[PDB]
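Input: a single structure, listed below in structure tokens.
All Cβ positions, even for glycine, are placed from backbone atoms using ideal geometry, and neighbour counts span all protein chains on display. The numbers here are math on the coordinates, done by the rules we state, and not lab data.
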Amino acid sequence: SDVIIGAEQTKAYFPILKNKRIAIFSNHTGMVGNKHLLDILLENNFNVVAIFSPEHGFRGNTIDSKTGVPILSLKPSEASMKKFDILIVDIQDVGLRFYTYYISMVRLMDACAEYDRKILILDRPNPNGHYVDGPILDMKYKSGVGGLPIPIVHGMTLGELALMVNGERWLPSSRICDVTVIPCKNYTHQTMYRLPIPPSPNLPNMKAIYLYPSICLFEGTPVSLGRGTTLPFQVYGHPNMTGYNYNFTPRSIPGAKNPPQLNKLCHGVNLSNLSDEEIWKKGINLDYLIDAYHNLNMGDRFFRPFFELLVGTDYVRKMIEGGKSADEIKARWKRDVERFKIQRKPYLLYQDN
Ligand SMILES: [Cl-]
């Protein structure tokens with residue numbers, strides 16, 4: 001039967017929270033029915049004293065007006081750390097190295113470690129938890145879009161990843177944080193969990209989430225990936241691309257106000273009718289990037305300087321420019337992926353794939 005997320009398992013963690021001053025790291029996805037975890041805890045007479053959000057606050061658009069709890073955008077101040085005993089993580093991730101909630105989580109783990117506070121992670125599925133793919137990030141390229149030496153698609157839940165951050169000593173000053181994970185039930189690393197609530201505005205559906213590992217690489221290029229359209233992360237195109245049977249024009253819309261190629265007719269490819277199965281078969285698929293590179297004929301200027309910060313190694317640009325195939329390039333990282341699957345194994349909380 002169906003996945004039971006950590007936050008649903010109140011008999012597992014309500015006793016942990018009893019009599020404690022509680023902070024929560026979450027956003028609008030941290031819901032069980034039409035209540036935020038914050039609301040459920042307050043209704044059960046728990047003392048929630050603060051919420052940390054990677055956006056403004058968790059109501060999807062510095063004090064929550066429904067509850068009066070202070071709301072803190074994301075390290076935390078010393079003053080804030082003193083206010084609570086336990087921090088709860090409850091947030092829906094998408095499983096990519098360049099999707100940044102885990103970097104916020106690592107920041108909070110470091111702070112909690114320094115201040116001797118416990119973290120409780122109410123685990124949620126990784127919708128891309130069914131595979132591991134891409135180069136391990138070279139730490140020459142550590143950045144705002146890549147915080148740990150992990151593959152592009154790491155395959156782990158935030159709870160698993162937290163355990164790995166501790167065990168591999170990936171926090172600053174090599175601290176470990178006291179972490180308890182409430183694991184999901186009815187969940188393996190083959191389960192294909194579908195997100196009820198969009199995790200970001202331009203990841204509106206599962207097609208976008210499944211294509212994201214391949215298509216977000218275009219953020220290291222001038223190519224539009226459909227922000228400003230009905231099909232974000234499900235198309236690619238550019239005004240200069242030539243010879244294509246699909247076109248779109250990005251528009252200035254809420255959450256995509258000043259999108260790439262705004263008000264330009266972009267020529268390209270519609271991927272929105274690929275089956276979920278055929279996306280799963282291919283994992284990170286460099287076909288799209290290679291197609292656009294060769295079509296545009298602008299040589300190395302196709303790749304933004306920070307392409308490497310997204311892909312995590314220097315050889316992808318070089319091999320594309322050298323005329324190598326998608327399969328050749330992808331094969332180069334197979335060993336990295338093999339090794340990471342071994343490295344992560346002690347930290348998995350669910351059946352491996
Ligand atoms: Cl977005």
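Listed values, structure above:
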{"item": "Square roots of 5 times each gyration tensor eigenvalue, C-alpha, the range 220-318, largest first, Å", "result": "21, 18, 14"}
{"item": "Loop-located chymotrypsin sites (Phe, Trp or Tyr not before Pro) in the range 244-353 whose Cβ has at most 14 other Cβ within 10 Å (DSSP)", "result": "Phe306"}
{"item": "Charge sum, other residues only, whose C-beta stays under 10 Å from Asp133's C-beta, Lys/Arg counted +1 and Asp/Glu -1", "result": "+2"}
{"item": "³J(HN,Hα) computed for each position of the range 307-316 - Karplus, 6.51 cos²θ - 1.76 cosθ + 1.60, integer Hz, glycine/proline x", "result": "3, 5, 5, 7, 7, x, 7, 7, 7, 5"}
{"item": "Convex hull per residue volume in Å³, alpha carbons only, for the range 68-223", "result": "142"}
{"item": "Unit charges at the beta carbon, dipole of the chain: most positive-side option, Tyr293, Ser174, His130", "result": "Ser174"}
{"item": "Cα-centred dipole magnitude for the chain, charges only on beta-carbon of K, R (+1) and D, E (-1), debye, nearest 20", "result": "420"}
{"item": "Proximal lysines relative to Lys75, as straight alpha-carbon distance under 22 Å, when same-chain residues fewer than 8 apart are discounted", "result": "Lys20, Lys83, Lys118, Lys142"}
{"item": "Binned Cα-Cα distances of the chain, short to long, each 20 Å bin given as a whole percent", "result": "29, 56, 15, 0"}
{"item": "Whole-Hz ³J(HN,Hα) from phi, Karplus 6.51 cos²θ - 1.76 cosθ + 1.60, for the range 110-116, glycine and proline x", "result": "4, 5, 4, 5, 5, 9, 6"}
{"item": "Given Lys281/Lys324; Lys140/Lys330; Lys264/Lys318, the pairs whose alpha carbons are separated by over 23 Å", "result": "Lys264/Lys318"}
{"item": "Cα centroid of the range 128-153 to Cα centroid of the range 264-322, whole Å", "result": "17"}
{"item": "Ranked packing of 157-167, 265-275, most packed first, by mean Cβ within 10 Å", "result": "157-167, 265-275"}
{"item": "Long-range amide H partners of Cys266 with built H, under 5 Å", "result": "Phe248, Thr249"}
{"item": "The range 61-84 and the range 176-190: distance between their alpha carbon centers, rounded to Å", "result": "26"}
{"item": "DSSP-loop trypsin sites (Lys or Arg not before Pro) across the range 147-214, with at most 16 other Cβ within 10 angstrom", "result": "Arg169, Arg175, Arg194"}
{"item": "In the range 255-353, trypsin sites (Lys or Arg not before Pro) in a DSSP loop with at most 13 other beta-carbon atoms within 10 Å", "result": "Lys257"}
